[PDB]
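As a starting point, one isolated chain is supplied in C-alpha cells, in the form deposited in one PDB entry.
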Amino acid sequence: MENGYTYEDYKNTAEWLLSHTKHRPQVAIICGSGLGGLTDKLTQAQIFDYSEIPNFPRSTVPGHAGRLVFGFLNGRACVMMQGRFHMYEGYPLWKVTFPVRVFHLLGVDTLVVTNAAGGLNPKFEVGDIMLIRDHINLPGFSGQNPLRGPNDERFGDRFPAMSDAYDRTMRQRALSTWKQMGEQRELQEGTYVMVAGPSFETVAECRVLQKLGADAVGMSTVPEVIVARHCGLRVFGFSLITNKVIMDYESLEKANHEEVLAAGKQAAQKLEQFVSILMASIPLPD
C-alpha cells in the first residue's frame, strides 16, 4: 500500500487556497459533530465547499462532506473544518488526514481537534468536557496508521514520537480559561481511545476499554493528531461526553445517535465560548 497523495498534490491544494483567499490562518480547528455552530463566531468569514477544493476527499453527494471556513476568531486567524472524515465511512487514513497537511502548508502552526465521545470514566457525566492528555490508538497497533507507507522527510521523520502529542502548555492555560467561565462542573482531563466503529461497543468491549485506562471512546481524531505531530503542529483538543457507555447487563438503555446529537445541542453555546476564549491563550507566531 501507499498514500495516494504526492507531495505535489498537497502543495497544489495549498496554493489553490492561498490563491483564493486573502486570509492566512495560524490556527486550524476541527469541529467534532458536537460543535459545527462555531462558524457563526468567526468574522470576515469565507467559506469553501470541500467539493470545490482540489484533491479533497469526496462524499458521494458532494456537499455532505462539508466546508472549509476561514476567518478571525477572537483575534486569531483561523481555518475551520465543518464536517470531517472517519475511517468507518470507508476512507483510508491518508484521506482522513489529508487536510491536516494542507493546513501546515498553509502556514498553520497549531491544531485544535474536538469530538463527541462516550464516557468510560465512571465519574464523568453527559455534558462534561474532557481535555485530551493522551490517546490509545487501537487501529494504529494493527497497521491502520496515516503515516503507513513511504515517508516524505519534507513533512516529518520516519518514526515520530507521540508521547508529547498534547501540548502541556495549552492544557494548563485551558484549566485557567475554565475558572474564568465560572462553571459548576469541573473541567475533566484524560485519555481518549480511538476505535473504528461504526457500530457501538458492547458491555464487554467497554470493560476492555476501561481496563486499558481510557476515559473516553470515539471514532476519530487520533489520526489527525498523529499527522499534525508528524509535521510539527502544536496540538490541543478535547471531547464532549455525550453519553456514558453502557457498562453492565441489567441496564435496559442503549447508546444511540439521536441522544449524541441531542447532547451536542446542550453543550453547543458552552463549547463555542470555550474555544473562542481559548484562542487568546494560543501563542502568537514568531
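Rigid core (definition): largest C-alpha set, two forms, superposition within 1.5 Å. Each residue number is its position in the shown sequence, starting from 1.
The form deposited in another entry is left out here; the points below concern that form.
In the overlay on the core between this form and the one not shown, a shift of 2 Å or more in CA position is seen for a single residue of 53, 219, 260, 235, which is 260.
Taking 2 Å as the criterion, residue 40 does not count as shifted between this form and the one not shown: its C-alpha moves by less than this amount when the rigid core is aligned. Comparing the forms between this form and the one not shown on their rigid core, the Cα displacement of residue 65 reaches 2 Å or more. In the other entry, the Cα positions of residue 62 and residue 89 lie at least 3 Å nearer to each other than in the form displayed. A shift of at least 3 angstroms brings the Cα atoms of residue 254 and residue 114 nearer to each other in the other entry than in the displayed structure.
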